[PDB]
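First comes the structure, then the notes that go with it.
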Amino acid sequence: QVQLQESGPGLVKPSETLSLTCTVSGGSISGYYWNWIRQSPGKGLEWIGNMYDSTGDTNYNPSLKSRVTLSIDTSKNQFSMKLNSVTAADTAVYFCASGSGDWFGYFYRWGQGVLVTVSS
Amino acid sequence: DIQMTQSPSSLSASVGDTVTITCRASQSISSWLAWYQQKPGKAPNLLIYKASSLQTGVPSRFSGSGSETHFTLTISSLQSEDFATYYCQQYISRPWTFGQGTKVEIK
Amino acid sequence: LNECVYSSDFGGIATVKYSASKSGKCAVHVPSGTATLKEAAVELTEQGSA
């Protein structure tokens, strides 16, 4: 049904802002929730937050809320993540999927993930 | 948040073995629990949704059960392509959370 | 121009915020007699400042 693709991997400097975009193809973003999840290599999955497609409301992981912004771009059928003041603890593979929950099938599509390395 | 406790964290098994992975939620989540499979260098893959529904394209050797706070993922007879990390996840009570993962390695 | 001192020596400083396609090194110049640069090339890291 739905395919998701994260923007490309690369470096972010400590204290600066990590920015990622997820482009949805073969489907619209006019339903469901749209989510970011990260995985520090070797370790587990951490949910970052979600944006609800129909009304645009956001919910964030409490441990990240102060630094995270999610948004939806209807004109490109994309949604995005902004993560401020990164440190090396934010190095991870970032996935973009329909997490949280949907009104008919969510988290059934997981972006292949993109590696963000926080480095000087 | 709802804390998901997966058990065991690590498991050693052989092709043909019956494998059981358990997931405990810090509060009741009714039947709203999903199971994912993840291989190194790859994205997770949905196996089971809403505690017992097998996702299409997933082999029937995978089955899920449980309700409330206790859940089980069973792999009836482990296949070579089944060696991976498995995660439970609940979409319930602010917010949605994953278990720590179960790594299934070759004995 | 984060700093400018009209002087015989290189009293002028300017920051360029860049968004590069790939990190590495490349040259810098001024096609005019208005300003003469001390350095020939600069190193770039994805998007940042030089």
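FYI, nothing fancy with the structure tokens labels: chains A, B, ... in order, residues from 1 per chain, ligands from 1 as they appear.
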
Could you produce a table of the residues of chain C lying within 12 Å of chain A, with the nearest pair of atoms per residue and their separation in Å rounded to one decimal, using only C-alpha atoms, ordered by chain and increasing residue number, as JSON lines?
{"residue": "C:19", "atom": "CA", "partner": "A:12", "partner_atom": "CA", "distance": 12.0}
{"residue": "C:20", "atom": "CA", "partner": "A:10", "partner_atom": "CA", "distance": 11.5}
{"residue": "C:21", "atom": "CA", "partner": "A:10", "partner_atom": "CA", "distance": 10.7}
{"residue": "C:22", "atom": "CA", "partner": "A:10", "partner_atom": "CA", "distance": 9.3}
{"residue": "C:23", "atom": "CA", "partner": "A:11", "partner_atom": "CA", "distance": 9.6}
{"residue": "C:44", "atom": "CA", "partner": "A:11", "partner_atom": "CA", "distance": 11.6}
{"residue": "C:45", "atom": "CA", "partner": "A:11", "partner_atom": "CA", "distance": 7.8}
{"residue": "C:46", "atom": "CA", "partner": "A:11", "partner_atom": "CA", "distance": 7.0}
{"residue": "C:47", "atom": "CA", "partner": "A:12", "partner_atom": "CA", "distance": 8.3}
{"residue": "C:48", "atom": "CA", "partner": "A:13", "partner_atom": "CA", "distance": 8.4}
{"residue": "C:49", "atom": "CA", "partner": "A:13", "partner_atom": "CA", "distance": 11.0}

Next, dump the selected residues to file, keeping only N, CA, C and O atoms, as a compact mmCIF listing (two decimals), in the first residue's frame.
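Ended up saving to part_12.txt:
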# COMPACT_ATOMS: atom_id res chain seq x y z
N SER C 19 25.31 25.22 2.32
CA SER C 19 24.61 23.93 2.34
C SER C 19 25.16 23.12 1.17
O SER C 19 24.63 23.17 0.06
N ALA C 20 26.23 22.37 1.42
CA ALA C 20 26.95 21.69 0.36
C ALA C 20 26.28 20.36 0.01
O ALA C 20 25.58 19.76 0.83
N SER C 21 26.51 19.91 -1.22
CA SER C 21 26.02 18.61 -1.66
C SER C 21 26.88 17.46 -1.15
O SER C 21 26.37 16.35 -0.98
N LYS C 22 28.17 17.70 -0.91
CA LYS C 22 29.02 16.70 -0.29
C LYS C 22 30.24 17.39 0.29
O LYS C 22 30.77 18.34 -0.30
N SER C 23 30.67 16.92 1.46
CA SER C 23 31.77 17.55 2.17
C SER C 23 33.08 17.38 1.41
O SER C 23 33.25 16.44 0.63
N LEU C 44 34.53 22.26 3.58
CA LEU C 44 33.09 22.31 3.81
C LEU C 44 32.59 20.97 4.31
O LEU C 44 33.08 19.91 3.89
N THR C 45 31.62 21.02 5.22
CA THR C 45 31.04 19.84 5.86
C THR C 45 29.52 19.96 5.78
O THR C 45 28.90 20.62 6.61
N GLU C 46 28.93 19.29 4.79
CA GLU C 46 27.49 19.28 4.57
C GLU C 46 26.95 20.71 4.59
O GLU C 46 27.22 21.47 3.65
N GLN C 47 26.20 21.10 5.63
CA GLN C 47 25.70 22.46 5.78
C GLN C 47 26.25 23.04 7.07
O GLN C 47 26.11 22.44 8.14
N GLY C 48 26.88 24.21 6.96
CA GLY C 48 27.53 24.84 8.09
C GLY C 48 28.01 26.23 7.76
O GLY C 48 27.34 26.94 7.00
N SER C 49 29.16 26.63 8.30
CA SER C 49 29.68 27.97 8.07
C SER C 49 31.19 27.90 7.86
O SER C 49 31.86 27.02 8.41

Based on DSSP run over this structure's backbone, return all residues of chain A in strand (DSSP E), as a PyMOL selection string.
chain A and resi 3-6+10-12+18-25+33-39+45-52+58-60+68-73+78-83+92-97+114-118

Pick from B:105, B:92, B:53, B:6: nearest to residue 27 (chain B), with only C-alpha atoms counted?
B:92

Would you give me, as CSV, each residue of chain B having an atom within 8 Å of an atom of chain A, along with its shortest atom pair and that distance in Å to one decimal, using only C-alpha atoms and sorting by chain and residue number?
residue,atom,partner,partner_atom,distance
B:42,CA,A:112,CA,6.6
B:43,CA,A:112,CA,5.1
B:44,CA,A:110,CA,6.7
B:45,CA,A:110,CA,7.2
B:46,CA,A:108,CA,6.0
B:91,CA,A:100,CA,5.7
B:95,CA,A:61,CA,7.3
B:96,CA,A:100,CA,5.6
B:97,CA,A:47,CA,6.7
B:98,CA,A:45,CA,6.7
B:100,CA,A:44,CA,5.8
B:101,CA,A:44,CA,6.5

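Those residues that approach region 56-60 of chain B to within 12 Å, counting only C-alpha atoms, are residues 1, 105 and 108 of chain A; 35, 36, 37, 45, 46, 47, 48, 49, 52, 64, 74, 75, 76, 77, 78, 79, 81 and 82 of chain B; same-chain residues fewer than 4 positions away are not listed.
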
Would you pick out the contacts of residue 20 (chain A) at 10 Å or less, using only C-alpha atoms, so that residues sharing its chain but fewer than 4 positions from it are not included, and give the list as a PyMOL selection string?
chain A and resi 6-9+36+70+79-83+94-96+114+116

Distance in Å - CA of residue 14 (chain B) versus CA of residue 34 (chain B)
24.8 Å

Within 8 Å of residue 22 (chain B) using only C-alpha atoms, minus same-chain residues under 3 positions, as a PyMOL selection string:
chain B and resi 6-8+70-73

Keeping only C-alpha atoms, write the selected residues as a PDB file, in the first residue's frame.
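Wrote it out as out.pdb, contents follow:
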ATOM      1  CA  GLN B   6       9.927  -8.141  26.981  1.00  0.00           C
ATOM      2  CA  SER B   7      11.208 -11.522  28.134  1.00  0.00           C
ATOM      3  CA  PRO B   8      13.718 -13.015  27.554  1.00  0.00           C
ATOM      4  CA  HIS B  70       0.429 -10.187  29.283  1.00  0.00           C
ATOM      5  CA  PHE B  71       1.199 -11.089  25.676  1.00  0.00           C
ATOM      6  CA  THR B  72       2.936 -13.930  23.814  1.00  0.00           C
ATOM      7  CA  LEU B  73       4.628 -14.249  20.433  1.00  0.00           C
TER       8      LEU B  73
END

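Between CA of residue 11 (chain C) and CA of residue 25 (chain C) the separation is 24.0 Å.
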
Mind listing the helix (DSSP H, G or I) residues of region 31-114 of chain A, per DSSP on the backbone, as an mmCIF file with N, CA, C and O atoms, in the first residue's frame?
data_model
loop_
_atom_site.group_PDB
_atom_site.id
_atom_site.type_symbol
_atom_site.label_atom_id
_atom_site.label_comp_id
_atom_site.auth_asym_id
_atom_site.auth_seq_id
_atom_site.Cartn_x
_atom_site.Cartn_y
_atom_site.Cartn_z
ATOM 1 N N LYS A 65 10.551 15.982 24.155
ATOM 2 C CA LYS A 65 9.578 16.998 23.767
ATOM 3 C C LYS A 65 10.208 18.382 23.631
ATOM 4 O O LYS A 65 9.933 19.102 22.663
ATOM 5 N N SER A 66 11.086 18.760 24.557
ATOM 6 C CA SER A 66 11.615 20.125 24.538
ATOM 7 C C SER A 66 12.462 20.435 23.302
ATOM 8 O O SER A 66 12.689 21.609 23.000
ATOM 9 N N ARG A 67 12.926 19.425 22.572
ATOM 10 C CA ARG A 67 13.842 19.644 21.471
ATOM 11 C C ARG A 67 13.275 19.261 20.109
ATOM 12 O O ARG A 67 13.918 19.542 19.097
ATOM 13 N N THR A 74 1.909 19.376 2.970
ATOM 14 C CA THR A 74 0.963 18.835 2.002
ATOM 15 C C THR A 74 1.477 18.991 0.573
ATOM 16 O O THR A 74 1.277 18.102 -0.262
ATOM 17 N N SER A 75 2.148 20.112 0.268
ATOM 18 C CA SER A 75 2.525 20.400 -1.118
ATOM 19 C C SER A 75 3.491 19.375 -1.703
ATOM 20 O O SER A 75 3.543 19.219 -2.928
ATOM 21 N N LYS A 76 4.261 18.672 -0.878
ATOM 22 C CA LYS A 76 5.152 17.635 -1.381
ATOM 23 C C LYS A 76 4.761 16.257 -0.870
ATOM 24 O O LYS A 76 5.475 15.279 -1.128
ATOM 25 N N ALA A 88 26.138 13.746 20.781
ATOM 26 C CA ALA A 88 26.459 12.426 20.252
ATOM 27 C C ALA A 88 25.427 11.384 20.666
ATOM 28 O O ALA A 88 25.306 10.346 20.009
ATOM 29 N N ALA A 89 24.670 11.636 21.736
ATOM 30 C CA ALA A 89 23.594 10.734 22.106
ATOM 31 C C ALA A 89 22.473 10.675 21.060
ATOM 32 O O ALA A 89 21.657 9.746 21.107
ATOM 33 N N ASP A 90 22.427 11.608 20.114
ATOM 34 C CA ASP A 90 21.405 11.599 19.070
ATOM 35 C C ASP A 90 21.853 10.892 17.796
ATOM 36 O O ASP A 90 21.068 10.802 16.852
#
